[PDB]
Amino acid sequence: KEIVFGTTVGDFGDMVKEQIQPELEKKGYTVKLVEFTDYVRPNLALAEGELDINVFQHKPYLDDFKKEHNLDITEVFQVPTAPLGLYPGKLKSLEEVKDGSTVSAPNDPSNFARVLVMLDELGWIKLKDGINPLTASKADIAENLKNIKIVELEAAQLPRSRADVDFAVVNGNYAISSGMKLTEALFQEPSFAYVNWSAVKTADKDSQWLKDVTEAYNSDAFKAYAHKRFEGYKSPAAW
């Protein structure tokens, strides 16, 4: 049986090629990997049938996308994830913020919400009490304490937005594939609500191949591999 994986390019793809694929092949499976540079296509390819499983998103994004596009897909298990971080842009230290400082952020809703929550924790802005952090939007800002100019861009353009803004909040997969290091972040999201999940069409939730893939991502072997290959990543809660 052939298992077709869809992942964003870089780390999640490497997990498959370097570790998961060889493990599944020892069980007779032929594995195919399709890598994407964007966040939009994977879930569509999954629902269409082109992919049997994808690994590139967190639950809030999945939930948002599924609803918006009415797709019968669901999460299965979590994977080691590169954490979200606020990195040095033109300014190199949090201490250097000032009135009007610019901060770049991804512009899709589920990820943008994360930037606002991070700015609230830094005390740069103040979010209204009782709002859903998962859906925080500009309308949820009670006071822009430091008059921060939040610059929004397509998620993939964040690493290089650093040349044009004081600070840049970059998604981990893009930070890593752009030559950035997690240790370079000035502040990292403390939350664990965004550790990424693999997704599949609901129809395959109980399949045998998915059971094999699932244990391949949770064996001691994988855990050892992950510990040395992806230092600094947030681990699946189940671990």
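All residue numbers are counted from 1 along the displayed sequence.
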Can you let me know which of the two, 109-117 or 129-137, has the higher average C-alpha B-factor in the entry? 129-137
Which has higher Cα B-factors on average according to the PDB entry: 139-147 or 162-170? 139-147
I'd like to know which of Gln157, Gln78, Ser101, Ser93 has the highest C-alpha temperature factor in the PDB entry. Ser101
Chain third (lowest, middle, highest) by recorded CA B-factor, residue given as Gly179: middle
Which third, lowest, middle or highest, does the CA B-factor of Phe65 fall in along this chain? middle
Splitting the chain's C-alpha B-factors into thirds, which one does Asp52 fall into? lowest
Please rank the C-alpha B-factors of the chain's modelled residues and tell me whether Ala82 sits in the lowest, middle or highest third. lowest
Going by the entry, which third of its chain does the Cα temperature factor of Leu210 land in? middle
